[PDB]
Amino acid sequence: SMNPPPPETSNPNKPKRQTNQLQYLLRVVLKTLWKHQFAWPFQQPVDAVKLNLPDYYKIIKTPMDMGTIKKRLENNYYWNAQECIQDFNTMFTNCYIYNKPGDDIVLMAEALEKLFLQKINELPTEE
Ligand SMILES: Cc1nnc2c(NC(C)C)nc(-c3nc4cnc(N5CCOC[C@@H]5C)cc4n3[C@@H](C)c3ccccc3)cn12
């Protein structure tokens, strides 16, 4: 079974805006998470074909990854900080849905989510 197209990362029809919260999500949240030792399985869309997971896109209907989130922030795709936070939440929930609790990949996602929530707790007020 083939891979689906990756999630949309740029749309010229969508309105664009610069806010302190979106800047914090790219410069602090995405940067700190990308550098983490457990980031590598979440840095790109799941390649179900290469990893031989034919049931991945049969179970996960709303895929998300940090590579997509990074591209979305770089292309001013998000209007609200909540849209970006929702994508990170979707990425973590997808990992917990597809894999069994206690599996190494789940433990990896749990450590990244713990760091993510701490950085979202330090999110600055809207300017
Ligand atoms: C996101 C996300 N949510 N669930 C998964 C998931 N589930 C499997 C562990 C069943 N795997 C990956 C996932 N993303 C990957 C990215 N690259 C590879 N590589 C294998 C080929 O050589 C080079 C390259 C580095 C393997 C990957 N895997 C699995 C195979 C894996 C294996 C060991 C440790 C952690 C993950 C993401 N996932």
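Start at 1 and go down the list; that is how both ligands and their atoms are numbered. Residues take their numbers from the sequence shown, with the count starting at 1. In what follows, every heavy atom counts, from backbone to side chain, and hydrogens, waters and symmetry copies are set aside.
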**Q** Does the side chain of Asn11 pick up a donor-acceptor pair with the side chain of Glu8 at under 3.5 Å?
**A** yes
**Q** Considering heavy atoms of the protein only, find what lies nearest to atom 37 (C) of ligand 1 and give residue, atom and distance to 0.1 Å.
**A** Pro41 O, 3.6 Å
**Q** Name the option, out of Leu51, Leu53, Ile60, that contains the heavy atom nearest to atom 20 (C) of ligand 1.
**A** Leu51
**Q** Among protein heavy atoms, which sits nearest to atom 38 (N) of ligand 1, and what does the distance come to when rounded to 0.1 Å?
**A**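 Answer, as residue, atom name and distance: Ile105 CD1, 3.9 Å.
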**Q** Can you find a non-hydrogen atom of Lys50 under 4.0 Å from ligand 1?
**A**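 Yes.
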**Q** Any luck finding a side-chain donor-acceptor pair between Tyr78 and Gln86 under 3.5 Å?
**A** no
**Q** Among all protein heavy atoms, pick the one closest to atom 32 (C) of ligand 1 and tell me residue, atom and distance.
**A**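 The answer is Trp40 CH2, 4.3 Å.
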**Q** Tell me which donor-acceptor pairs under 3.5 Å the side chains of residues 28-40 have, and how far apart each pair is, sequence neighbours excluded?
**A**
unit_1	atom_1	unit_2	atom_2	d
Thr32	OG1	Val28	O	2.7
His36	ND1	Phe38	N	2.9

**Q** Just to verify, what does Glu83 make a salt bridge (charged side-chain N to carboxylate O under 4.0 Å, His left out) with, not counting sequence neighbours?
**A**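 With sequence neighbours excluded, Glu83 shows a salt bridge (charged side-chain N to carboxylate O under 4.0 Å, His left out) to no residue whatsoever.
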**Q** Is there a protein heavy atom at a distance of less than 4.0 Å from atom 35 (C) of ligand 1?
**A** yes
**Q** Can you find a pair of side-chain heavy atoms, one from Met64 and one from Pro7, that are under 4.5 Å apart?
**A**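 When only atoms from C-beta onward are counted, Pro7 and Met64 do touch, with a gap below 4.5 Å.
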**Q** How does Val46 reach ligand 1, by side chain, by backbone, by both or by neither, if only non-hydrogen atoms under 4.0 Å count?
**A**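 Contact part for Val46 vs ligand 1: side chain (C-beta onward).
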**Q** Mind checking whether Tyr98 and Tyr56 have parallel, tilted or perpendicular rings, split at 30° and 60°?
**A**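 Perpendicular: the ring planes of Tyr98 and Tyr56 meet at over 60°.
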**Q** Ignoring angles and geometry beyond distance, decide whether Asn99 reaches within less than 3.5 Å of ligand 1 through its nitrogen or oxygen atoms.
**A** yes
